[PDB]
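Shown here is one chain on its own, the form deposited in one PDB entry, set out as structure tokens.
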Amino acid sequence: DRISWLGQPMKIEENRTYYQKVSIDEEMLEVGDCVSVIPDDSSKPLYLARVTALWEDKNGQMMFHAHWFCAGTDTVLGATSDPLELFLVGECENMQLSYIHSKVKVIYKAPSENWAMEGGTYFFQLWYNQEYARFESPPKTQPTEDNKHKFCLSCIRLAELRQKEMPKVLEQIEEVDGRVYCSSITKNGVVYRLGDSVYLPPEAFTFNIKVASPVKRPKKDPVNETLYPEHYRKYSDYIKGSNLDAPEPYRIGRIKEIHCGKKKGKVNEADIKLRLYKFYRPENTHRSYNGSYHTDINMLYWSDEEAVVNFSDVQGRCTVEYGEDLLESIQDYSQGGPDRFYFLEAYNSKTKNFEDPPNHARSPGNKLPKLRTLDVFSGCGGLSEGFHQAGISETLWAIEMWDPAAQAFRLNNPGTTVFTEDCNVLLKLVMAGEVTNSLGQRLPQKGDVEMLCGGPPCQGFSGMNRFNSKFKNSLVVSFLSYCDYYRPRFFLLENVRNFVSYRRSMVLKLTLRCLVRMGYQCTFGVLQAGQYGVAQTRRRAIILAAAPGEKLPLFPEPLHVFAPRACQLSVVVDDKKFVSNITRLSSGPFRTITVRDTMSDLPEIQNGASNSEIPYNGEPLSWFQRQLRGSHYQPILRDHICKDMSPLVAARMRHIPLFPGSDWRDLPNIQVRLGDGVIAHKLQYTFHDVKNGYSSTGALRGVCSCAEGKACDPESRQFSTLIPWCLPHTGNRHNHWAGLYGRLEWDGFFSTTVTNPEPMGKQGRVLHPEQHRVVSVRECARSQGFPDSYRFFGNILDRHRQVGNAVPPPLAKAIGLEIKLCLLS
């Protein structure tokens, strides 16, 4: 009703008079308390905030500053969240005291000094980021002196964010005829100087080298619908694993001069121009791709061509050095940091040759401790391998119930205690006070584990699972109980993409709630492994968590370009869209890793090879193979074996064309003489297909009675036919079974590597691009980014399962580097 100020006013500025206490409707109010307000526009029935300022405007009305809270229902947690728990957000607003409904009490529940040893009114514990779905510890910033009257952490976070984001000129040179020339500018926290190199989108500029793109021949020959009676199912014109729509990598340029204009006497820093020396990627020269197969992905070519771009198109800064001015070798300089490129020659666009670059392209002169990591569901160790490639963790403990995976883990990690028992039983032993198991292996205790990582079985969450038991018993909750008992400093959970949408995202919301209740900072996101150095589509949901005293890491920024079809990392929970902190959407610094860079160096083998150790018949033929085979001399190639297929499947694979996109739909309807007097029968079409109609020859396109709208007729099932009967049987409602008995293409990439490559499975494009066989164990590990020195164990099926279940070491390394960034500062 009536508003009356209490006490002496606080420091008054030009138009407002800050106060400390106030009385509304016989109540008392002080800065730091909380206030409820009734909404009129949002679907939410109530809003809660905290008072930070109590100024009185010169208009005569009484105002106050409210830093809003966020109910758990408004977060990604939703209805599962504790109704007494609130979260901090970067939302704040000025409002009159006439909208104050009541005064509520909100307390701060800080983690105990012995928080890591635990685990046997309204309140908030963490800050919530709505855009990235990030639960983080509240800032430690405090009101000092002058800001005590309007201290708003939301205003501070907002001012620092937009000031870091906006461009700013630091060092000016000279002003000539209305144009100011600069030498040092900055934006997004990045300092840009003259002589540095800069990432640009591919549409920033072109090259004087004319790239040719003539007509493609259209279906040069018509197809015989009697010989190939299932080709009409390829009308989609879509090729799985094709990099035709793959975007070009970042354009790189050399800043020579920076200039801009003026606005109202001062420099217009909002519109800064950059003039650059164009760099030539080996795929941009006259060689195009065909010459850039063996070259490094970070080797460029200097040019004296020039182009003018805007500073607003700058995506990032990269370090480009001349080859001979280096103080160390090329490999140590390339593997020493990110965004590092090098060049030894220069490219002339008109002469179409390679020279030595001028002297103005030359540069001036022209121990972190590893974390004790426990790896639950370690498998063969791909996740812990990537964590070791980041040099942030020694995996001391390992849990793996499957024996061959545990053996393969022991072969690659000699200093790891590998437990083969069940995770529930193993945790029950350490809860009972036991020191060692029956085998004498010491059990980790509280304080031993500094990081907990694992990838629970995704067979229940997989999109391919047909027969889709309760949460409190599912393995992901046992894996959470490990995090509750040991309370590590960092926590990582890996699963398939569909993990964030299983049962309307209930599993995700419950795992996040359990992390929030323990006091852990946490976040989630989806990452495509193909963006981090592998030639395979592998979207995986990652759940990160950090201790209250630590810093919550960010998600790794993509390093390689990839097909946009497989880069849909968005996640929708309860009508609210959430994305990771990734800022690179269109392009990236490095080109896409292809099948050619993944399998070209491996020798040619027949279907059913069993020699587990054969020699290399050549040297590495790409940067990817050079990274996996190492610089040391290693002539033995291990695990290059393919499954022995039946003569029927073998003949089917021999009749699959080598052209990209080919699959079972290109198979001919013929009879083939096999071993001895065995005969592969022909497929007979004796039923009408009401959906597909007749063919051009008038022949039918149905194989069963269900193609006529009737029920399935047993005894209509054909056996030992070249064209598999089951594929036209259920093809109409299964996307014509695209990819089955399909081939990879050299310029393309793998589909998601599974535990058993079979051409008649759901993901059935496992045929070699040239050879008449399925992919080998080594080719599967190559698609996963495993080093060739990595060992496996078991038979061919056991090793395939180890490769398929594993997290690609490139992706695990990308995550581990962002974890390393938190150990610093």
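Start at 1 with the first residue shown and count on from there. The term rigid core refers to the maximal set of C-alpha atoms that superpose within 1.5 Å between the two forms.
Quick note: we don't show the form deposited in another entry, though the next part is all about it.
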Answer among 435, 690, 191, 166 for the CA shift between this form and the one not shown that reaches 2 Å or more, rigid core superposed = 690
Inspect the rigid-core superposition and answer whether the C-alpha of residue 216 shifts by 2 angstroms or more between this form and the one not shown.
-> yes
For residue 145, decide whether the Cα shift between this form and the one not shown is 2 Å or greater, given a superposition on the rigid core.
-> no
Did residue 518 shift 2 Å or more between this form and the one not shown, C-alpha, core superposed | no
Evidently the Cα separation of residue 42 and residue 70 changes by 3 Å or more in the other form, so the atoms lie farther
Residue 84 and residue 41: do their C-alpha atoms lie closer or farther in the other form than in the form you see, with a change of 3 Å or more?
-> closer
